[PDB]
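Okay, so here's the structure we're looking at.
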Amino acid sequence: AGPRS
Amino acid sequence: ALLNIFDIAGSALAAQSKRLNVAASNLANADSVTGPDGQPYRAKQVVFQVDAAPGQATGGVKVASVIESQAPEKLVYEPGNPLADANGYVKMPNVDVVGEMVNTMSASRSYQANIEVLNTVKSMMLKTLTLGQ
Amino acid sequence: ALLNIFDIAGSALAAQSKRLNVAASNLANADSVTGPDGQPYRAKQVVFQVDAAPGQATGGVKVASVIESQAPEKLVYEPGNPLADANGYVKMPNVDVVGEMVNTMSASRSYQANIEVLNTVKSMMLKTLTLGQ
Amino acid sequence: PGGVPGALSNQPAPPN
Amino acid sequence: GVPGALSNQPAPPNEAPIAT
Amino acid sequence: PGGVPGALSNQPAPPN
Amino acid sequence: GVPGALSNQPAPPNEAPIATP
Amino acid sequence: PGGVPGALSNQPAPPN
Amino acid sequence: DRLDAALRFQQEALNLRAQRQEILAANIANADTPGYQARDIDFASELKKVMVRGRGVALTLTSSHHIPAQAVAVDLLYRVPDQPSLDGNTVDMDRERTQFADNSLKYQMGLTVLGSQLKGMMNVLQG
Amino acid sequence: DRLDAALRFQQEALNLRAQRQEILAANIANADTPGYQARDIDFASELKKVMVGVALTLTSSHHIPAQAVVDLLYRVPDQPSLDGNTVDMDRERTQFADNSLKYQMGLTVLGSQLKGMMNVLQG
Amino acid sequence: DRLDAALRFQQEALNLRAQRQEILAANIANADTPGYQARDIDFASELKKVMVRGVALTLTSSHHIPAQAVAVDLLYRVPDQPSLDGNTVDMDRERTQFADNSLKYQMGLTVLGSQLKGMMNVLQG
Amino acid sequence: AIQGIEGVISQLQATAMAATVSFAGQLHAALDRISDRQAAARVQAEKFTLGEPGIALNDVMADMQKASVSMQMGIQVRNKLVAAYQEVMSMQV
């Protein structure tokens, strides 16, 4: 999902 | 107006620190032969740009990128080295020693000038809180 | 919460002082041949950790312990030395003098920086004491 | 968490 | 993002290998 | 679009 | 105790022997 | 209770 | 109370500036700690949250011998690194010094404004 | 308000000094950018322009009030550099020090005027 | 005796801060005497024990000497590093504590002065 | 008390059924509110002095100043009320 926030 | 100056001068200090680090990296590996892979050490240079997030033309300096110079790689005749090409030459970096030392000293001086600017404007902004009291 | 900065900067000053003392010990005995029990002087280093126990994720530095470098000790040839092994090799410290000088300079500047931080926070809270004049 | 500050943690070391 | 901005996720660890 | 500062941009080089 | 704290008893005497007995 | 405050008390010495 | 509401903003901003000063001092103290990621807080969003929500549910103290709620909170965002360091240390000292100076100046500003409000009220009350 | 008219000149001078201070510090910071032109403002003309507007009309309570929202002159280069940077250290350092001094003087004058207006009232 | 009771806590804390400041200054003065151990007082414990808690001669006569009737547990500071002279005074911690103690003494003065100022302002009419 | 529980059940009956301004009362309420503000500021300063974590000096000083402002407001209100009472009470009837 990577660096999702 | 005057609070933006902290951002401007901090950006200048960061940019000069980056340039100094690149110069130190160039000096450290002037005689380097190979990297982690089989490629030689291409000299690094930062790119300075004008950082104006709003539309008022000017502002601080920002380091857009770190690029590798496309100057011709130095060739040394070493055929016994496994890194040599078909003609027995090895690619050694094109670091300009005098240029990098001058870059170190000039970056240091610009760093101090920005430091002095920050000190002065910090004093002025401290004194403006005294206004009429 | 600004009083915690006194604790933070005090911990930082103490740990930087410990780091400088370890560096000075390593640099002083970089040529010692024996200790008091006949074992060689192995280079010592400090171990830094974050004082997050009183807080949550932001604290000063603490020196957990002083470790002894397990890098192999330098071997010199001296068959007449009583401390030589069966092969005639005497163990000598693995101190890197340039590393110790750089560490001393770094502990010095960090110590000075934390002193400045402590002074600024002290002035800030002294002026806070006169809130509302 | 942390380790040796300065010299011993700022040099290329073999994996271990 | 910007080299000096604020993010919610830790920076990935940096390692320097001798050879790749 | 400013370029490299200091040494590289202060040396006489042919345009490309 | 931890360094920099307060204890109820004095620290032990400090001595550096040149050669151990 | 005290002694020489400096060089003559911070150097290793044989015991008495 | 209205005396709290009129003075709430600058007091909360001053407290947040003190907390962020603590965080910046922790960042500076950790300047040589390996594997330490520099932390900070976004002042504007945190202050907006403090004003909107309130500084949670307090339990009902039925009798005087009941015990009241005991103790239990900002979002610590990581600072993007500028340049990579082999020891995993993210703290860039130039940005940290600049932000420390700016935070100190803004804290002085908050002190001055809050003192101005309190002294204005006191001079109003002075007969 | 009459109070604004008395303090308008010094406030505008102080704001213009702060803006020119920011411009000079930007010139200092971008000294090493190749191709950067050193910019500045003519203090007197801009002070005339600022010293020499229509809030939209609000018929009721829901009606939203009107929402509110300088010219830079290039410095004449002294020495020709090779990277196109025309920022001169000495000239702008002197200008920076002078602007700091004038900002302090404006603060002093404005504070004196406010303190006089205050001691007129105190009693 | 309500004026004494109302101002008792801050005045006693201020006196304890002065005593601890004297002890810290004595620590700084003896920074180079060998065999000296740095000492200090736990402020909180001593303050609570003072708040929770001699015999002069009886001058029955109007012509005799009044004579005289004539207590903090000194805790040793844990040393940071060993020194050959046996001096456990770490100057960094002592300076940090000196600044902290001076600051908190000034704060106690400010709080006590504010209490007295409010009490005197109430009576002014 | 047994009579206290009788009163509780009586107030419960009052709530079931449900489903006087005194100036001395308002003066008492304002005086009590000033007292609670002063006591809260005093206790906060007390706790900060004892070195309890979680208390900031700036909030301590701000609450102390708010307590002083509240007490001065009470003083001024009392002064005005007493003056008005003395002017009303001295007229020749």
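From C:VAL98, C:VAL50, grab the single residue that is within 11 Å of chain D (Cβ to nearest Cβ), surrounded by 14 or more Cβ atoms within 10 Å (Cβ to Cβ) and not small (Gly, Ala, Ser).
C:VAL50
Return the pairs, sorted by first residue and then second, in which the second residue is surrounded by 10 or more Cβ atoms within 10 Å (Cβ to Cβ) and of a type in the set (A, V, I, L, M, F, W, C), the first residue lies in chain G and is within 8 Å of chain K (Cβ to nearest Cβ), the beta carbons are less than 6 Å apart, and the residues are 6+ apart or on different chains.
G:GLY1/K:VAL78; G:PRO3/K:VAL78; G:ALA5/K:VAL78; G:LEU6/K:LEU75; G:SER7/K:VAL78; G:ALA16/K:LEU84
Which one of these does J:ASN27 not meet: (1) of a type in the set (S, T, N, Q); (2) more than 30 Å from J:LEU82 (Cβ to Cβ); (3) assigned to a helix (DSSP H, G or I)?
(2)
For the stretch L:26-55, what are the residues that are of a type in the set (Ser, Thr, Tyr) and under 15 Å from the mean Cα position of the chain (by Cα)? Explain how you work it out, then say what you get.
Step one: list which residues in the stretch L:26-55 are of a type in the set (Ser, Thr, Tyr), which gives L:35, L:49.
Within the stretch L:26-55, L:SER35 is the sole residue that qualifies.
Do you know which of the residues in the stretch J:22-51 that are more than 9 Å from chain B (Cβ to nearest Cβ) and of a type in the set (D, E, K, R) is farthest from J:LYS115 (Cα to Cα)?
It comes out as J:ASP40.
Could you tell me whether any residue of the stretch B:70-77 is more than 13 Å from chain F (Cβ to nearest Cβ), surrounded by 13 or more Cβ atoms within 10 Å (Cβ to Cβ) and closer than 28 Å to I:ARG95 by Cβ?
Within the stretch B:70-77 (the criterion being more than 13 Å from chain F (Cβ to nearest Cβ), surrounded by 13 or more Cβ atoms within 10 Å (Cβ to Cβ) and closer than 28 Å to I:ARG95 by Cβ), the answer is no, since none of the residues qualifies.
Give B:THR58, B:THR130 a once-over and let me know the one that is surrounded by 19 or more Cβ atoms within 10 Å (Cβ to Cβ), of a type outside the set (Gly, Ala, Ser) and more than 20 Å from B:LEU20 (Cβ to Cβ).
Values: B:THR130 fails: surrounded by 19 or more Cβ atoms within 10 Å (Cβ to Cβ).
When all the criteria are applied, what remains is B:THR58.
What are the residues in the stretch L:41-64 that are buried (at least 20 other Cβ atoms within 10 Å of the Cβ), within 7 Å of another protein chain (Cβ to nearest Cβ) and assigned to a helix (DSSP H, G or I), if any?
Once the filter is applied, which keeps residues that are buried (at least 20 other Cβ atoms within 10 Å of the Cβ), within 7 Å of another protein chain (Cβ to nearest Cβ) and assigned to a helix (DSSP H, G or I), the stretch L:41-64 yields L:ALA45, L:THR49, L:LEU57, L:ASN58, L:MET61, L:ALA62, L:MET64.
Identify, from the list I:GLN19, I:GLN10, the residue that is more than 19 Å from C:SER110 (Cα to Cα) and either more than 7 Å from every other protein chain (Cβ to nearest Cβ) or among the basic types (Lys, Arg) (or both).
I:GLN10
Taking the stretch K:71-107 as the search range and keeping residues that are in contact with a strand residue (DSSP E or B) (Cβ under 9 Å, 6 or more places away or on another chain) and assigned to a helix (DSSP H, G or I), which one is nearest to C:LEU3 (Cα to Cα)?
Per the criteria, the residue is K:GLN97.
Results for (1) charged (D, E, K, R); (2) closer than 30 Å to C:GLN39 by Cβ, shown as yes or no for each residue.
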position	(1), (2)
C:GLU73	yes, yes
C:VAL98	no, yes
C:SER106	no, yes
C:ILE115	no, no
C:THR120	no, no
C:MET124	no, no
C:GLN133	no, no
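So that you can scan it fast, the table gives a plain yes or no per residue for (1) of a type in the set (D, E, K, R); (2) in contact with a helix residue (DSSP H, G or I) (Cβ under 7 Å, 6 or more places away or on another chain):
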{"position": "L:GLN13", "(1), (2)": "no, no"}
{"position": "L:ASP32", "(1), (2)": "yes, no"}
{"position": "L:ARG42", "(1), (2)": "yes, no"}
{"position": "L:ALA45", "(1), (2)": "no, yes"}
{"position": "L:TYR85", "(1), (2)": "no, no"}
{"position": "L:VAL93", "(1), (2)": "no, no"}
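For the stretch I:41-55, enumerate the residues that are at negative phi, out of contact with any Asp or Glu (no Cβ under 9 Å at 6 or more places or on another chain) and not β-branched (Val, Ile, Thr).
I:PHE43, I:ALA44, I:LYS48, I:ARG53
Among what's in the stretch J:52-98 and is among the charged types (D, E, K, R) and surrounded by fewer than 14 Cβ atoms within 10 Å (Cβ to Cβ), pick the residue that is farthest from the other protein chains (Cβ to nearest Cβ).
J:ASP78
Condition first: buried (at least 19 other Cβ atoms within 10 Å of the Cβ) and either within 10 Å of another protein chain (Cβ to nearest Cβ) or assigned to a loop (DSSP other than H, G, I, E, B) (or both). Can you find one or more residues in the stretch J:108-121 that meet it?
yes
Which members of the stretch L:65-93 meet the condition of being part of a helix (DSSP H, G or I) and of a type in the set (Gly, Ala, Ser)?
L:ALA67, L:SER68, L:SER70, L:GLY74, L:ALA83, L:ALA84
Being among the hydrophobic types (A, V, I, L, M, F, W, C) and closer than 20 Å to B:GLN16 by Cβ: is that true of I:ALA101 here?
Details: among the hydrophobic types (A, V, I, L, M, F, W, C): yes; closer than 20 Å to B:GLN16 by Cβ: yes.
So I:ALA101 passes the test.
Quick note: the coordinates plus some simple rules give every number you see, no bench work behind them. Here the Cβ is made from the backbone with ideal geometry for all residues, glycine too, and neighbour counts use every protein chain on show.
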